[PDB]
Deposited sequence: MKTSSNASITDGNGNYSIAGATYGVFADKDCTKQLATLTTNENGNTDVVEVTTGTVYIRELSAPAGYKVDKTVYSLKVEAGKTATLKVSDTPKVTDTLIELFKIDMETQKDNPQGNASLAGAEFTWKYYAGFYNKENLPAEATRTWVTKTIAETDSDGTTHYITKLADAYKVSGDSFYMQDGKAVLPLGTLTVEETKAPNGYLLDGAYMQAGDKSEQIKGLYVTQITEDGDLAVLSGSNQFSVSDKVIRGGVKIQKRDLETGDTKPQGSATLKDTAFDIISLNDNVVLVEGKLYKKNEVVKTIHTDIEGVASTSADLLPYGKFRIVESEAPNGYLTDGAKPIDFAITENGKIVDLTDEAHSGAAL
């Protein structure tokens, strides 16, 4: 027979994954670790449409890599000290973070390095509803207990940053009018999805040819955040990075 308000330690675990591959691994040299989530607890019972302007407590947590007993690394965040970035103190009971009756909201507020926030969504299981933006649930009474409504686990899908690259070969037009082919190679420790196909380190992900101006170019979404090597396909190679979304890296000097 306790003497403290009704609370539950059964909260929510978020698993960060790559949206395009649906894998527990980042693409290129991006990360699934470091994604930040803002959690807000409210003393009342609200829905998304009538949340008060001020939360009762606010916490910012981040995804951290964890390898399970099967040897699989996941990128997990939840309401505990090991995942905390900033915010108020947690409600603690018997060495664990708990929540009293009320409303709980959570949304991704910082994409992990190499990813975008744009379009990120949560999923409780396979085929279930894709939740975009702010997720809202409550801690409600069930007999003498406090219970969190809805799923206890979600996958959080993040869109990887993508970019492109353009280049030239090194009379008049005797160099630019030649048919110069360039191979683009992955220098990444993780797979890269390029034109519907997965490529590993040192594999050629694309070949591009020079136009009548002498410029070989890719689309602005060909390559995920990552390190790449561009070399004439016959030969002095160039290493470059994709970091800004939709930007064509300019190697034409």
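Chemist: As a test: can you identify every run of the deposited sequence that has no C-alpha position in this structure, in order?
Modeler: Several regions go unmodelled: 1-87, 258-265, 330-338, 358-365.
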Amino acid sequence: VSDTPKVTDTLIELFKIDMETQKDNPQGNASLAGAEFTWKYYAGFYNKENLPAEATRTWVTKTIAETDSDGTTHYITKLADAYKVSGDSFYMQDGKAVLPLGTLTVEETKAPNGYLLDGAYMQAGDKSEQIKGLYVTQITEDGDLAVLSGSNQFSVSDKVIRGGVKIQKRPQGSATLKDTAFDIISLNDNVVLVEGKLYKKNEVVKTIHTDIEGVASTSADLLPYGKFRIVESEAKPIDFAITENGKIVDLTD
From here on, numbers count along this sequence of modelled residues.
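Chemist: Per the record, averaged over C-alpha atoms, which has the higher B-factor: 197-205 or 29-37?
Modeler: If you average the C-alpha B-factors of 29-37 and of 197-205, the larger mean comes out for 197-205.
Chemist: Hey, which bit's got the bigger mean C-alpha B factor in the entry, 123-131 or 147-155?
Modeler: Of 147-155 and 123-131, the stretch with the higher C-alpha B-factor average is 123-131.
Chemist: Among the candidates 106, 160, 175, 98, give the one with the maximum CA B-factor reported in the record.
Modeler: Going by the entry's C-alpha B-factors, 175 comes out highest.
Chemist: Mind checking which third residue 114 falls in for C-alpha B-factor across the chain?
Modeler: For residue 114, whose C-alpha B-factor we compare with every modelled residue in the chain, the answer is the lowest third.
Chemist: Relative to the other modelled residues of the same chain, rank the CA B-factor of residue 14 and answer lowest, middle or highest third.
Modeler: According to the entry, residue 14 has a C-alpha B-factor in the chain's lowest third.
Chemist: Based on the deposited C-alpha B factors for this chain, I'd like to know if residue 102 is in the lowest, middle or highest third.
Modeler: As the PDB entry reports it, the C-alpha B-factor of residue 102 lands in the lowest third of its chain.
Chemist: Quick check on the deposited entry: does the C-alpha B-factor of residue 92 sit in the lowest, middle or highest third of its chain?
Modeler: According to the entry, residue 92 has a C-alpha B-factor in the chain's highest third.
Chemist: What third of the chain, by the recorded C-alpha B-factor, contains residue 222?
Modeler: Lowest third.
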